[PDB]
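K.L.:
One structure, as structure tokens, below. Some questions next.
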Amino acid sequence: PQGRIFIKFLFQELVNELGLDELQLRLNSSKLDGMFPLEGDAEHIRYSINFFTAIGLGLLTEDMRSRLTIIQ
Amino acid sequence: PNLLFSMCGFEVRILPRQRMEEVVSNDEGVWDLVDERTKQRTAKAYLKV
């Protein structure tokens, strides 16, 4: 829950520079997995994507949202 | 490109980050103006005395 907050901040800063669009790029080339599986853990996709409703950015969580709709 | 002014003792310059066109992290003489709604740093402000 520490680490939860630590990374939480880290995005509420880096966001406030890149502005969530340039970051759309940087992510789209990033292939961040332990953060973002597309390949499993629909539960952990509720935890991920939910958690980025909690941070509030949640606009780079989209494709994974589609995946939520896809597994079912 | 610039805008200038001075108040209190401060000499402020304002660069909109648009027309900066070459960007960098700067030391702490830079305030970063943040759009009220969107929340970005769209202009760097510089100080002097």
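Chains as they are written, first to last, in the deposited numbering: chain Z, 414 to 485; chain A, 1256 to 1304. Quick reminder that beta carbons are idealized off the backbone N, C-alpha and C, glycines included.
Can you list the residues of chain Z that A:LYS1294 reaches, using a CB-CB cut of under 7 Å?
P.N.:
If you number the second sequence from 1, residue 1294 of chain A lands on position 39. Simply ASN429.
K.L.:
Measuring only between beta-carbons, confirm whether Z:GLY471 sits less than 7 Å from chain A.
P.N.:
Working through the first sequence from its first residue, we reach residue 471 of chain Z at position 58. So no, Z:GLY471 is outside the interface.
K.L.:
Given a cut-off of 7 Å, decide if A:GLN1273 and residue 511 of chain Z are closer than it, judged by their beta-carbon atoms.
P.N.:
The structure shown has nothing for residue 511 of chain Z, since chain Z only spans 414 to 485.
K.L.:
When burial is assigned at 16 or more other CB atoms within 10 Å of the CB, is Z:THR466 buried or exposed?
P.N.:
To locate residue 466 of chain Z, count along the first sequence from 1; it is residue 53. With fewer than 16 other Cβ atoms within 10 Å, it is exposed.
K.L.:
Contact between the segment 470–477 of chain Z and the segment 430–450 of chain Z is defined here as three or more beta-carbon pairs at a separation below 8 Å; is this criterion met?
P.N.:
These segments touch.
K.L.:
With DSSP collapsed to three states, give me the class of A:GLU1266.
P.N.:
In the second sequence, the residue the question calls residue 1266 of chain A occupies position 11. Of the three classes helix, strand and coil, the one that applies to A:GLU1266 here is strand, per DSSP.
K.L.:
Would you decide whether Z:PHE449 is buried or exposed? Buried here means 16 or more other CB atoms lie within 10 Å of its CB.
P.N.:
Position 36 of the first sequence, counting from 1, holds the residue named residue 449 of chain Z. Answer is buried; the Cβ neighbour count reaches 16.
K.L.:
Quick check on Z:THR466: does DSSP put it in helix, strand or coil?
P.N.:
For the purposes of this step, residue 466 of chain Z is identified with residue 53 of the first sequence, where counting begins at 1. In this structure, Z:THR466 counts as helix in the three-state DSSP scheme.
K.L.:
Tell me the residue span of the alpha helix (DSSP H) that contains Z:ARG439.
P.N.:
Along the first sequence, one-based indexing puts residue 439 of chain Z at 26. Here the alpha helix (DSSP H) through Z:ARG439 covers 435–441.
K.L.:
Here's the rule I'm using: 16 or more other beta-carbon atoms within 10 Å means buried, otherwise exposed. How should Z:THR482 be labelled?
P.N.:
Within the first sequence, numbered from 1, the residue matching residue 482 of chain Z stands at position 69. With fewer than 16 Cβ atoms within 10 Å of its Cβ, Z:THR482 is classed as exposed.
K.L.:
Hey, how far is the Cα of A:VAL1279 from the Cα of A:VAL1285?
P.N.:
Your numbering for residue 1279 of chain A matches position 24 in the second sequence. Your numbering for residue 1285 of chain A matches position 30 in the second sequence. Distance between the alpha carbons of A:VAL1279 and A:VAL1285 is about 11 Å.
K.L.:
Whose C-alpha, out of Z:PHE464, Z:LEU445 and Z:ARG459, is nearest the C-alpha of Z:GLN425?
P.N.:
Against the first sequence, residue 425 of chain Z aligns to sequence position 12. That would be Z:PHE464, whose Cα lies nearest to the Cα of Z:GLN425.
K.L.:
Near Z:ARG480, which residues of its chain fall below 7 Å by C-beta distance, leaving aside the five closest residues on each side in sequence?
P.N.:
Start at 1 with the first residue of the first sequence, and residue 480 of chain Z comes out as number 67. Taken in chain order, the residues that qualify are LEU451 and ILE458.
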